[PDB]
Each structure stands twice: as structure tokens, then as C-alpha cells.
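Asker: Residue numbers (the entry's author numbering), protein chains in the order written: chain A, 27 to 753; chain D, 27 to 753. Handing you a structure now.
Number of protein chains: 2
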Amino acid sequence: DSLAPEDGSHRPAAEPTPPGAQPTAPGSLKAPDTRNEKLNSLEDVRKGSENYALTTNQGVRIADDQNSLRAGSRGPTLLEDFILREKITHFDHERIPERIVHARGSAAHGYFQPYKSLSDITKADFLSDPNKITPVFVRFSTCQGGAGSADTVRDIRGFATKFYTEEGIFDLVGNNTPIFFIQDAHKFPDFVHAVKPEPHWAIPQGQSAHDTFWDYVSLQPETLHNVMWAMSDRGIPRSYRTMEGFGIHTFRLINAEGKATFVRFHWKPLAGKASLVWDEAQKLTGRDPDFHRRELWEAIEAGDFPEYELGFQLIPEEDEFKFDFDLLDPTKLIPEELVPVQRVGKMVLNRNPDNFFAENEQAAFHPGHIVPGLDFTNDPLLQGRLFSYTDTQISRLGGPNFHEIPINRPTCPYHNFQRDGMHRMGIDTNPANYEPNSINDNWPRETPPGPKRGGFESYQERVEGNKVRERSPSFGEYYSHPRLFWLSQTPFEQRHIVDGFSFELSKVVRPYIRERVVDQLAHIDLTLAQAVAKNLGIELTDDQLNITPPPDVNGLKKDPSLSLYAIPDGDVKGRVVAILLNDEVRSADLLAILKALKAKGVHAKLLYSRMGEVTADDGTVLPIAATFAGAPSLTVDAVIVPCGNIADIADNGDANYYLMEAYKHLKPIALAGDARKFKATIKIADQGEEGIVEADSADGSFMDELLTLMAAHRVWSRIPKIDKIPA
Amino acid sequence: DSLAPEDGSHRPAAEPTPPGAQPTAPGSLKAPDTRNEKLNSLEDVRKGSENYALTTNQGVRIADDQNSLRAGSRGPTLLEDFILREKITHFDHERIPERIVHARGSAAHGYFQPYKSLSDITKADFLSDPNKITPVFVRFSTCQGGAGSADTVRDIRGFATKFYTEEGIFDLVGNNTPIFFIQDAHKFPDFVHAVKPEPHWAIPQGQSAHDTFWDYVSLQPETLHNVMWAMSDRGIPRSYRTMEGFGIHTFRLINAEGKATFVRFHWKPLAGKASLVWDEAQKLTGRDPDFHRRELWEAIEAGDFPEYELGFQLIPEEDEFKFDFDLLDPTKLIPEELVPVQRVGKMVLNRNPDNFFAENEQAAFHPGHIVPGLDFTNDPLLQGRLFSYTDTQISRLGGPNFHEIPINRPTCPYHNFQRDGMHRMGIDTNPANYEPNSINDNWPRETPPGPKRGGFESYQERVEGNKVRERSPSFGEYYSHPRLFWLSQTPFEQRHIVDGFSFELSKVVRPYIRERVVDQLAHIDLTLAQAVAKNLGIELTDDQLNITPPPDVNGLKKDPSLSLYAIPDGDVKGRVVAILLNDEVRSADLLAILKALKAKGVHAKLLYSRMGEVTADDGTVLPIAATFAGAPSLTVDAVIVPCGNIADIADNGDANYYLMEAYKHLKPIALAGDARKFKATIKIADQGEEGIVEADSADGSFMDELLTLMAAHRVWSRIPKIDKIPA
Ligand code: HEM
Ligand code: HEM
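This is the structure we're talking about:
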């Protein structure tokens, strides 16, 4: 045949295009000129296709790939069909075990560069010079669900970064909240068992809203801090581009003089912090369970590269015990009001992978993979993680040679006396496979530690204690950080936390677990406890009403850096606006709308009651991106309704529903000319309302008003009004 | 210790209870007295818990399961902590590869029994006596998505049954539609690759609504038949209890005299056929991705055992060539108007598993597992399946001894000379591991074929032809079955098919693919092609308008057994009704409502604006099951609103939205007394309308009317009215 069309419409343009303009494709075909040392080094295993003959894996050309070999055209298939058997066998063996946690994830390639040399505090080569660029590979993920679960669940998110440094791979394997649920790695199977689907029936997926999770939390108050972050809007990010990242544990930075400095790692999203609202997130898991995966991929194809600032909280070794919390306790955060985040460098994700399985699914990150200039601490959760990644990757990725899988390979040299193992790629020519050896003059050889290019030596921390299985008494405080978090949130963020706990505990079948969680909230803050209790039909006791609130954290009664929205940081580039078309669109409005959006890097999606095209007043042919039902308001940041023949869409139920949903979800809406007739559906004032942009036409200040609302993300003042709308 | 409450509310009652009344639990604890030979034979591997000490896997009691061993309570974790290392190691290795296809599935144990001896047509032991009971294990599944994807997607469903017979395991591995998409097994990797998530970015999950699927369909017209079924409401079943099951392929039955009879296998749902509507199914993927799994599990815990009647379509050997279609072509169905389904037996699923992973995830089904009395045919899709299941299970389940994993083990004797392999459990004492042998007097020994308890011998079919990779010319007809299916559907079923095609093609980014699909629909039926074209903004050509319709199927212009709903078969037992409460419910209404529902085996869920309890007018304390938002109308089959203080929920946006959503999804709604004020929300006439039950109180005829509507499943007459509602 064949039938790719004559117009060449099958193939997407190899240039940045806005979401939905062209079919997506493998990164190296979408952006062939985007390169980095790692992307180039993968060239040996990239496999093309065009102009090549179809063959078996042994290189034999196939003549007929449509039929098995049989004795007669209606006869039995013959065992000698080696073509069919290789093809079916490889298909039969396609799947590998998904990760134990973080199985649902989306990744991209990029690069990192420090703003200045950090040689006074660390000898890490990748932070030693502002013009030294280090390729990275980043994988973002949910945490509980399987690899086929949905993106916009309520859950913690993983944020893992593989740095291909000149002195080794450093993996920074963090999450989107600055603490973890538990204190010691020994409890990790217990916690993860409690949050994952229950064992009898394997329900629920991607949800902590079930009895065993809340049983565990209620019995293990150390979890309450991260639970508070998960119940807030932090648990439902708008995009991986708009959430923070944290390494959680205190690590060490080691300089050339041997000085150790404690450090906690942060990633700041340069697109700003932004989250969905629960009803929107939950409905989006049904409308588009691949929303975050798609959003990341389309941002990079559009040139809206995710950018993050690496930042360090630095504490001198002499200040280890100066806080009212233990620095080694992963359930405690270090307030930025106490220890500021120093900016360190920028990370840009600018290329999607070519093959998700080969590059994303087989990537292996490990917090153990550190480099000279970095070291660990005794945090008891970090200590046990050091054992687990290595162990799980051998079974997940089939053997001990997972570092030879292309995405995992260092770009710098690697030489040692390790040999064999399943799927061994490297063919070693060294005469010796042991050291010391004389037969190869002891090569490859050990290298002493030094200021640069030196071997790894651990910091010589003094260890003094008996061999004990004991929690440090300093870790036995569970309510002051949850309280600090609570008081740092805005009133509307506090309401959403309450709503999250209420919704989750309403799904817990055993009422006494609900009551025990409420009792724990009474140890954090009474207003919080009472608001959740009222939603659960629970009444606090007199004793509960008199629980003394936990102490402030080093005199802090709040830290605004813990809130998503108290300090504006809203950027609109990369956001999307739905434009609800009609069959006689006033092109003056459309011109003005698209020009204003284009100027700020905001994308548009043209919607209608059907697919195809509609023609504007002026004759302009407009292509329809999707239908009102086909691409609901859940997927956009704002909605504009231009003037024209509004009767065409005024009696359309889907069109009205579109605005009711967007209104409920606090998204800015802009109506021009006769589009103002839609105000009745969303029942608000004859004279108007903050959050609803309206004018006779879409001109000068109309688009400016709409853009200012989008920079603020959502219209929080509309909260009290949304409860009367049936949406 | 003592974390369980002293009223014993942590533990669910060991007796049938309605959905939501008690926490769910492992089958053997929930129904200890429900037994069968297979369930009894698994007792040797069932492990309890209560009153035992916590140990390592080697039997060593653990003292402190809260902490790792470290040097000092704030020191480093020590390598010698063997307890931590075993616990983390086992956790790190929990996952196994998911099934290549049908990775999402839900299973239960039950039993089968034939109505009468079928010895005249088959010597299969399990079909030989009405008193012979055969334990079964059934796994239902979706087909495209991973194990963590959602249940109510649009997709084919798998229906696999493992019969533990006295002469061997027979697995009947079928789907919920009577044909498959492709003709020859060589194309299975191509088709599956096309429907699964696209390889560069691994989107979309659980959906065929993407370009590669429709590209393949457009290029391979053999797919159109199953595609028609998938786009119909067949692709979105209400529950696994309410869908049909088919083996698809023509197999053979072989009696004791050696006569072969062609057979196609059917499962009829005794609960009747019933599906969701697309908007409901897609929203239910977000609100409860585990809806079918949960529904199956809770039906069994309630005593609403899923029941299916096994039926055979039987064709004499000499009638092989008497149809317009080839009996070996799996893209063609055998119309029940031509060859009736003979009732054969009943299957009842009456016990859930104890551990989903151990029993469901490791279950292994193979269509090649047949028993004497059955045989295969040359259907080329079935022939290639024979090779694939064995192959894939060794990698999925770790080795060649997967038949020793408890759920997969036969209940009958198994003895042979096979030895070793990974994870070997059986310790063979036979002196010989080969035959022929004299050292063990040749045991175990082969057995001749015979009427009962004999060895397997294949039916001696004549084979005549050259070795060729060639499709039979008899399979080259692709549009008459699609058209037969189309014409057999009700008008509302036809609209739902049109809507499915239009929705899915609107998600295809390359417009030419949409056009190619429409052209293939114009070879099936012009009305169908025009309606889908209109929704895509596509205009058929004059040549497309003149394509002659394909021929009838052996004189048939329709067959009502292909419709879900043209012949009523509606059962209400097991269905559920939402009851929207208010703070002063009129208990006369509630007593009448609940007793009427209870008499027909219909469940109820009492909803309110919060959790806890509400008090009825006469002091009756009413326990709240869930909130309006917490348990949406998506999860119920009907909604009743009793009288009382309606002002309490009349202003509630969620309560109104609950009715608008239920109304739009065609569910019966019943309003009593003051609850009739809600009619304005759903814009129903003053006089009333069919599908809305209304009266002054919930008495005599009110509940009979509502139950009548529930037996008809949905209110199809309301279809024209739902478009004006913004829901
Ligand atoms: C501060 C606490 C933790 C953080 C921030 C964290 C973060 C993550 C992330 C982001 C991933 C996915 C990396 C990817 O995208 O492939 C991951 C995977 C994993 N984590 Fe951790 N995790 C933490 C605690 C733990 C603990 C305590 C253990 C066990 C002792 C653990 C065991 C695992 C395992 C087994 C995997 C799968 C790795 C693989 O298959 O390649 N995690 N974790
Ligand atoms: C009439 C056509 C087909 C039907 C009705 C069918 C049905 C099913 C069902 C219901 C399952 C899941 C069983 C379970 O619940 O574990 C399954 C699995 C599977 N199917 Fe088939 N299938 C068909 C065609 C094919 C073909 C043509 C092939 C390959 C040549 C194939 C390969 C597989 C594989 C590899 C699995 C996974 C088995 C395992 O891991 O245990 N299927 N199929």
C-alpha cells in the first residue's frame, strides 16, 4: 500500500508547537537539535525505522507479517513457524515488575547548572563551576498507585533527579513535601502496607481514604505532619511544574578542607506553586487519568520547559542541637524563617524521552548514589533506604547489571573488577578480575581523597552508643510541626485541609478509627479538630476541648513559606484557556483574545458542540480542538466566551455545564458582549462579581483583567458562593 | 497494646450483610461455612494470625518491630540487623510482572454443575452427571489497562473460568463479546500494541480513544465487528454479574463413540444484561476506579452470588460449510436465530478469596488446558493462543512450576517424569525420572483413550494443503456481521454506538484517520456513517453515499439476542438505591421504603450532608452511610427522596446535583410528599413524566412503581429530555 497520506499530515512538525496542535512524538524526532551529553551518549542504542525492511530479531527479512504458517489456508498452525514464535514470545515477555512504590511516574531529560561555585562548602564537582552543565533525567510520580493508576489523585508525589556528573551519578530522590510520614525505615513496609490497597480485595487504588491507612495514622502520631500536607491542596498539584521538591533528610556537604555542613535540599518551581481543588482533581482522575503525564510532555513540546531552582538549607555542625526538633528526624521540617533556602542552581527539563518503557520505566534512582563532596547522616529513615533501592532494582530490572541499561549509565568513566551477572553487556579485557594484582599492574587503581577527582572517603563522624533498637527520645514529639503547618495556611487552605480529612474519614468504615483520628487532631489544633468532627457527626469531649496546644517551633507561630498561596508567585506562561465558540464568532473578539494570550505564553483550546470547523463573521475558518464534553473545564485554567451568535450555544446544556463547573472550581471566567447572558446559569449578580470579567467586547482591559486573574491562579473569594450551584 | 476497641466493632460479622454494613474481609473469615473441594484443598497453605507471636520468616520471635538496630539511639544503622534486612528485602521484592493483557481483574471462587448428563455429545467427566459438582475459580477483567487502572472504562472484558475437574483442569478463557478483533494470532502483538498506551509517552491508559487504535482499525476492516460491540453499551457493563460471556472460538466436543461436534461456548448472566451510559462510566472511573471489583466482592458478601448459565451452540460436523461465514473465523458470530444456545449447567460464585495477590494475581488460565471430551479446531487465532499462555506464565510467575502455586493446582492426581525448575515444591520419590523404565515398573503409566478416565487423544481431523502463510479466502468478508449487530440494536442503543464512535474519533488528532474510519462505517450502514460524520464535521462523498450495504447473514436482517435490552431480562436483586435524608424524616415513608426494597433483595444507602446520624420525626436514630458528594448517584441504580423537612436539603447544591446527575444518566427517581419540590431542579412538568415516581407518601403503589422502573434498568424514554440539563 502504503498509506500515510499525500499531504504529510501523519507526521508532526519538528519545532515547538502548542498543546494539541500536532500529534506528540518521541523526543528525538520532535526536537532533534535539543542535545546534552547524556542524550548524545544514548545514540548508540537509538533505533530508527524509515526505509528499513521488517525483520526478525536475528535480522531475517519477513515477507508476510499478516499470517501464521499453516498446513493449508484453513489448516493447523505449524510448530516450525519461527517468525510467529519469536514475535509472540517477545510480546509475551514485555512486562517487568513495577516499582514497589512510585510505580506511576512521568519523566524528562534536561540539564542543571550552578549559579556560582560552591567550593567553600562542598567539593562536589557538579557544583564547582557555573559554566559546568550537568545533564539530568527527572522522574515525577504519585506514590501509592500502580503504573496504570491516575495522575491527579490525592497523594504525596515523588520527585527524583539523576545527575550525570563527571565524578559519578548523583541521584537526589525526594518528594513534594519536606517531611515523610515515619521516622525509622523498619516501619516502611507497615506504613506502605497500610496506605496501599487492602490485602483481601486490593481496593482502593491511588487513595489513602480507607480504614487501614487511618488505623495506622491513628496509632502512630509521628505520621500526622505529612498527613496534614497530604490532606491540604499540596496533595493535588496542578502540574509537576507547579509543586515544590524536597530531599527531606538532612545530608552533609563536605568541602576540600574536610569541613562538614548539614544540608537539606529543595527544589523551587519557577512556574510558581499551584494546586487543583479536590472535586476537580477527583473528576480529572476519571476524565483524564494521564493529565499530569500529558501536561509535562506537552509543556516540553511547546517550549514551556519545566524549570526548578535547587536550594540548600545549611546548618553548621556546631548548630546540630540548637533547634527544638532533631535535625535527623524526617518527620520534622526546618522552617525557612529559621534557616533560609540559599539559591544554588537551575534545572531545566527540555526534552521528552523517545521510548517510555526503555527510558522511564527502566530508570533506577537510589539516594545511596552520592559523590565526593556529599555524605549521609544518621537519619534512621535515610539509613534504611540505603539498603532498599539496590535490592529492589535487581529483581525489578532482572540482574546486577542494571547500570548498563542505557538510561542508567554514567557518562563518566567506570572501571572495576566486578564481572558477569545476568545480561552482562560490558566485555572486560583486563587480564585481572581482582586486586591487588601484579598481572595488570594493579589497574584499575584506587585513588586517594582530595579536593577534586579524588576517591570517596566518608566523613569521620564520631559514633558512641550501645547497640540498641531504640527511637531517640528527641524524636518523640508529634504535634508542633503539624500545628505550625496548620497556622501557616490561608483560611481557604485551612478549609480545604478540613474538607480533605472529612472526606477521607467518611470513607473509613469503622467509626472508632474516625474518632481516634479526631482525638489526634485535638492534640494539634482545636479549631481543626472541631471542624472535622462536625462533618463526621462527632462531638468532642470536655477533655478533648481542654487539650493544651503543642508549643510553637523555636518561637514561630507561622511560616508563610509553608502555604501554597499566601505569598503570590503566579506565572501564566504554559497555562491554557478554553474558548467556547459559536457558529458566527465575532472575529474582532477572537483576534484580540488570541493576541493577548499569545503575548503571555498562554495557550488556547477552541471548543464547540461538534468537531470540524466553524466559520467566523468575517469568513475565518476556525478548527475545533474538542467538544465541550470532550475536553471539560477540568483540563483548563480559565474560560473565555467570545460574542457572536450566542443563541447557538445558549440552549446547549454542555456549554452551560462547562461554565458551572469552571465556576465551582474557582477558575476565572470572561464573557464578552452577548456571552454575558451566561451569567444567569452561574447565578451571580446583575452588577457583576470579582472573578468574572465582562465587557461589550474582548478588548484592551478585558484581556488584562483576565490575565491578572490567571496570575492569581484561582478566585478564592468565590468560595462561599459555589455551594449553591448544582454542579 | 490493646489497640482493638472493647465493643468488638473492628471485626465484621461472619454472616451475609449488605454492602456497606460491615467492613469487608477475607473470604474464609467472612464465610467460614462456604466450602468446596478446591477451597478445602487450599487449607494447607492458609495462614492465620490471631494469638501468634510476630516472627522473622525463619521463625525467630521479634521483640522490637519499631526500630532498626543502631550504634546509639541517634547513631548509624548496623549491617547486622538481620530482622530489618529480611523485612525490607521481602517488601522490596513484592511485585511480579502484570499480565500482558487483562492485567486489571477481579476474581471469586464458586461451583458448577450440569443440568443433565451430556454423554451423548461429550465424554468430558465434568459434564457427565448432574450430581457432579466442579469447583471453579473465575477472574473477570478489563483488557487494555494495567493492574492499577480503572474498572468502568470502555473496553472488552475478559471472563475466565478455571474448572477443577476430576480428569484435569479445564480453563474456558473467554470475553464478554462473541467475536474478537483479529483473525490470525500473528497480528495479536500489532493489535494489542495499537490499543495500548502509545510507546513514546505511554498515554492513554484504559482507552482505545487515541490515534494508533483507530489507525489500525481503519487499515484492518476485520476489526470492525468487535469495534461495533466495544462502541456500544456492551463496552461499559454495569457489573460483571450483568454481562454475557463467550469462548469466541469454535471448539470441538468428542463423545465416547469418537464423534466430533462443533461447539461455541456461552455464559448467560442469570441477573440479566445491563450496562452503564458513557458519561456515567467515565465519571465513575474517577469517583470509584474500583467499582466493578467492589461490586463483585460485596455482592458475594451479601449473598447476591453472581450466577451464570453455561450454554453451547452445537453444529454437526457435516454442517461446517453451511453458513455464509466460516465457522473458524473468530471475527464472525454464530447468530442464535440460526443455531440456538442449548442450556448446559449453572455456575455460582459464592466466595471471595482470602488474599488477592496469592489467589487472584497469581492465577494462571490457559485456553490450551482442555480435558478428554474436548478438542480444538484450526481457528487461526485460537491456534496461536495455544502457544502464548504457557510462555508468558513462566516469566510472569517465575518458572515452570506455576502449577504448584496453590490456586493453580489441580484437585485431581498429577504424576509425571518432569523434574526440577525454579521454586520446585514437589519432592519426587520415584526412582525413575524417564519412561520407558523398568526400575519403577514403568510407573506412572500412559492410559489408553476410553469412555471415562482415559488418556487424551486428539480427534483425527484430516489435514490437506501446502505449507502456506495465507489467510483463507473464506475469512475475507468484514461488514455483514457489523451490519447485523447494528440492525439488531434498539434505537437508543444505536445512538449510544454513534456517540461512542463520535467521542472516540474526536480524540484522534490526525483528521485523516477519522475520515478513513467514517469511510469504513459507510460500508456497514449509511445511517450510522452519516450520524458519526455529522458529529465530526465530516461530509460523506457521493460515492460514499452509494456504497451498497453488505448482505444479510444467512437471510437474517437482525437478531434480538445481540441487543442488551430489546428483550427484557431485568432482575432487581443486588441493585442499590440512594435515599436522600433530611433532618426530620417522616419515618412512615422510611419504613415502607426499606421494607419494600428488602422484600426484593434491593440494597439501600442512607445519605446526608454530613456523617453521623439524623433523627426521624418519631425519634428513630438513622445511621448515615455516606454524604451526597461522598457517594455520588454514579454508584446507585435509583434515587428516592422521602418526605420530612425538605427545606434542610432543598438549598443544598449537592442534593440537587445528585438528582440532576441521576436524571441525566436515566435512573429512576422517586419523590414523596414535599420531596416533589425537587422536580423544578430537573425541569419536569407539573403533571409528571414516565420515570419519575411521585405521590403524597411512600406507600402501596409508590414502591411498586419504583421497583418496576428498576426492573427495566434505565428510563430510555428520557433521552431527548436530558440534553437541556446542565449536568
Ligand atoms: C524520605 C523518604 C523517602 C522518599 C523521599 C522516597 C522517594 C522515592 C521516590 C521519588 C521513588 C521513585 C524514583 C523513581 O521515580 O523511580 C522511590 C522509590 C522507591 N523507594 Fe523510596 N522514598 C522514601 C522512603 C523510602 C524508604 C524508607 C524505603 C525502604 C526502606 C523506600 C523504598 C523504595 C523502593 C523499594 C523504591 C522502588 C525503587 C525502584 O524500583 O527503582 N523508600 N522512593
Ligand atoms: C478469542 C480471543 C481471546 C480471548 C477471548 C482472550 C481472553 C483472555 C483473558 C480473559 C485473559 C486473562 C485471564 C486471567 O484472568 O488471568 C487473557 C490473557 C492473555 N492472553 Fe488471551 N485472549 C484472546 C486472544 C489472545 C491471543 C491471540 C493471544 C496471543 C497469541 C493472547 C495472549 C494472552 C496472554 C499472553 C495473556 C496473559 C496470560 C497470563 O499472563 O496468565 N490472547 N486472554
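Even for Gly, the Cβ is constructed at its ideal location relative to N, Cα and C.
1. Span of the alpha helix (DSSP H) holding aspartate 569 of chain A?
2. Check whether the Cβ of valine 127 of chain A lies closer than 7 Å to any heavy atom of ligand 1, and answer yes or no.
3. Counting along the chain, where does the alpha helix (DSSP H) carrying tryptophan 255 of chain A start and finish?
4. Kindly indicate which residue of D:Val397, D:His292, D:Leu412 has the alpha-carbon position closest to the one of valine 365 of chain D.
5. Just mark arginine 87 of chain A as buried or exposed, buried being the case when its beta carbon has 16 or more other beta carbons within 10 Å.
6. When burial is assigned at 16 or more other CB atoms within 10 Å of the CB, is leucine 80 of chain D buried or exposed?
7. Quick check: the region 205-213 of chain D against the region 157-169 of chain A, are there 3 or more CB pairs under 8 Å?
8. Report the three-state DSSP secondary structure of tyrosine 141 of chain D (helix, strand or coil).
9. Any heavy atom of ligand 1 inside 7 Å of the beta-carbon of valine 199 of chain A?
10. Three or more C-beta pairs closer than 8 Å, one from the region 426-439 of chain D and one from the region 235-254 of chain D: is that the case here?
11. Using Cβ-Cβ distances below 9 Å, what residues of the region 85-101 of chain A are close to chain D?
12. Taking the alpha helix (DSSP H) that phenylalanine 163 of chain A falls in, what are its first and last residues?
13. Whose CA, out of A:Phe152, A:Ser154, A:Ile195, lies closest to the CA of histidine 395 of chain A?
14. Against chain A, with Cβ distances strictly below 8 Å, would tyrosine 266 of chain D count as a contact?
15. Excluding the five sequence neighbours on either side, which residues of its own chain have a C-beta within less than 8 Å of the C-beta of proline 537 of chain D, listed in chain order?
16. Given this structure, state the Cα-to-Cα distance separating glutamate 306 of chain A from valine 397 of chain A, to the nearest angstrom.
17. For a contact defined as C-beta to C-beta under 7 Å, what are the partners of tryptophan 323 of chain A on chain D?
18. Is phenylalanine 402 of chain A near ligand 1, with its Cβ less than 7 Å from a heavy atom?
19. Should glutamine 231 of chain D be flagged as near chain A, meaning a C-beta pair shorter than 8 Å?
20. If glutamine 92 of chain A sits next to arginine 497 of chain D, beta carbons under 8 Å apart, how far is it from one beta carbon to the other, in whole angstroms?
21. Using alpha carbons as the reference points, say which of A:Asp725, A:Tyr266, A:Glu610, A:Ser132 lies closest to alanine 673 of chain A.
22. Between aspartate 609 of chain D and chain A, is the shortest Cβ-Cβ distance under 8 Å, so that the two count as touching?
23. Grab me the residues of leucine 513 of chain A's own chain with a C-beta within less than 7 Å of its C-beta, minus the 5 sequence neighbours each way, in chain order.
24. Taking only beta carbons into account, state which residues of the region 168-180 of chain D come closer than 8 Å to chain A, listed in chain order.
25. In chain order, which alpha helix (DSSP H) runs of at least 4 residues are fully inside the region 641-692 of chain A?
26. Taking C-beta pairs closer than 8 Å, name the residues in chain D that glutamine 409 of chain A reaches, listed in chain order.
27. For a contact defined as C-beta to C-beta under 8 Å, what are the partners of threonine 276 of chain A on chain D?
28. May I ask whether a heavy atom of ligand 1 can be found less than 7 Å away from the beta carbon of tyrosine 415 of chain A?
29. State yes or no: is the C-beta of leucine 732 of chain D within less than 8 Å of the C-beta of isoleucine 666 of chain D?
30. Starting from the beta carbon of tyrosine 504 of chain D, find every residue of chain A whose beta carbon is closer than 9 Å, and list them in chain order.
31. Taking 7 Å as the line, does the beta carbon of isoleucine 274 of chain A fall inside it for any heavy atom of ligand 1?
32. Please report the Cβ distance between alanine 618 of chain A and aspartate 725 of chain A, rounded to the nearest whole angstrom; I am assuming they are in contact, meaning their Cβ atoms lie under 8 Å.
33. Show which residues of chain D have a CB atom less than 8 Å away from the CB atom of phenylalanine 331 of chain A.
34. Among the residues of its own chain, which have a CB less than 7 Å from the CB of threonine 82 of chain D, if the five just before and after it don't count?
35. Could you tell me whether any Cβ in chain A is nearer than 8 Å to the Cβ of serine 484 of chain D?
36. If you reduce the DSSP assignment to three classes, tell me which class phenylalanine 382 of chain A lands in.
Answerer: On the basis of the coordinates in this document:
1. For the purposes of this step, residue 569 of chain A is taken as the residue at position 543 of the first sequence. From DSSP, the alpha helix (DSSP H) with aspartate 569 of chain A extends over 568-571.
2. Within the first sequence, the letter at position 101 stands for residue 127 of chain A. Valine 127 of chain A Cβ: within cutoff of ligand 1.
3. The count along the first sequence starts at 1 and reaches residue 255 of chain A at position 229. Here the alpha helix (DSSP H) through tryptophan 255 of chain A covers 250-257.
4. Indexing the second sequence from 1 puts residue 365 of chain D at position 339. The shortest Cα separation from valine 365 of chain D among D:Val397, D:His292, D:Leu412 belongs to D:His292.
5. Numbered from 1 along the first sequence, position 61 holds the residue referred to as residue 87 of chain A. The residue in question, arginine 87 of chain A, is exposed, as its Cβ has fewer than 16 Cβ neighbours within 10 Å.
6. For the purposes of this step, residue 80 of chain D is taken as the residue at position 54 of the second sequence. Flag for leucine 80 of chain D reads exposed.
7. no
8. Locating residue 141 of chain D in the second sequence gives position 115, counting from the first residue. It is coil, neither helix nor strand.
9. Counted from its first residue, the first sequence places residue 199 of chain A at position 173. Indeed, a heavy atom of ligand 1 lies less than 7 Å from the Cβ.
10. no
11. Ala89, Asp90, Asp91, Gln92, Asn93, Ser94, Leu95, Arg96, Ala97, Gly98, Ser99, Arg100, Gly101
12. Locating residue 163 of chain A in the first sequence gives position 137, where the first residue counts as 1. Taken as a continuous stretch (DSSP letters only), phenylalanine 163 of chain A belongs to no alpha helix (DSSP H), being part of the beta strand (DSSP E) at 160-167.
13. In the first sequence, the residue the question calls residue 395 of chain A occupies position 369. Out of A:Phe152, A:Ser154, A:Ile195, A:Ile195 has the C-alpha closest to the C-alpha of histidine 395 of chain A.
14. Along the second sequence, one-based indexing puts residue 266 of chain D at 240. No, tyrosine 266 of chain D lies away from the interface with chain A (no Cβ there is under 8 Å from its Cβ).
15. For this step, residue 537 of chain D is matched to residue 511 along the second sequence. Answer for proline 537 of chain D: no residue qualifies.
16. Working through the first sequence from its first residue, we reach residue 306 of chain A at position 280. Working through the first sequence from its first residue, we reach residue 397 of chain A at position 371. Their Cα atoms are separated by approximately 42 Å.
17. As a first step, residue 323 of chain A must be located in the first sequence, where it is residue number 297. Within chain D, the residues near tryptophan 323 of chain A are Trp227.
18. The sequence position of residue 402 of chain A within the first sequence is 376, counting from 1. Outside the cutoff, so no.
19. Mapped onto the second sequence, residue 231 of chain D falls at position 205. Cβ-Cβ to chain A under 8 Å: yes for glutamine 231 of chain D.
20. On the first sequence, residue 92 of chain A is found 66 positions in, with the first residue counted as 1. On the second sequence, residue 497 of chain D is found 471 positions in, with the first residue counted as 1. That pair is a contact at about 7 Å.
21. Locating residue 673 of chain A in the first sequence gives position 647, counting from the first residue. It is A:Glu610 whose Cα lies nearest to the Cα of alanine 673 of chain A.
22. Reading the second sequence from its first residue, position 583 is the one you call residue 609 of chain D. Not an interface residue.
23. Mapped onto the first sequence, residue 513 of chain A falls at position 487. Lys583, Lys584, listed in sequence order.
24. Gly171, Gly172, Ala173, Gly174, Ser175, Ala176
25. 673-676, 679-690
26. Taking the first residue of the first sequence as 1, we reach residue 409 of chain A at position 383. Those within 8 Å of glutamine 409 of chain A in chain D are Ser94, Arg96, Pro102, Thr103.
27. Taking the first sequence and counting its residues from 1, one reaches residue 276 of chain A at position 250. What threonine 276 of chain A touches in chain D: nothing, since even the nearest Cβ is about 12 Å away.
28. Position 389 of the first sequence, counted from the start, is the residue given in the question as residue 415 of chain A. Correct: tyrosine 415 of chain A has its Cβ closer than 7 Å to ligand 1.
29. Residue mapping note: residue 732 of chain D aligns to position 706 of the second sequence, counting from 1. Residue mapping note: residue 666 of chain D aligns to position 640 of the second sequence, counting from 1. Result yes, Cβ atoms of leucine 732 of chain D and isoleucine 666 of chain D sit closer than 8 Å.
30. Taking the first residue of the second sequence as 1, we reach residue 504 of chain D at position 478. Result: empty, since nearest Cβ-Cβ is about 14 Å, beyond 9 Å.
31. Within the first sequence, the letter at position 248 stands for residue 274 of chain A. Checking every heavy atom of ligand 1 against the Cβ of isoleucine 274 of chain A, one is found closer than 7 Å.
32. Walking along the first sequence from the start, residue 618 of chain A turns up at place 592. Walking along the first sequence from the start, residue 725 of chain A turns up at place 699. Contact flag correct, Cβ pair sits at about 6 Å.
33. Residue numbering aside, residue 331 of chain A sits at position 305 when the first sequence is read from its first letter. Going along chain D, no residue has its Cβ under 8 Å from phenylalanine 331 of chain A, so there is no contact; the nearest lies around 16 Å.
34. Position 56 of the second sequence holds residue 82 of chain D. Excluding positions up to five away in sequence, the list reads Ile88, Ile109, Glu112.
35. Position 458 of the second sequence, counting from 1, holds the residue named residue 484 of chain D. So no, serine 484 of chain D is outside the interface.
36. Looking up residue 382 of chain A in the first sequence gives position 356. It is helical.
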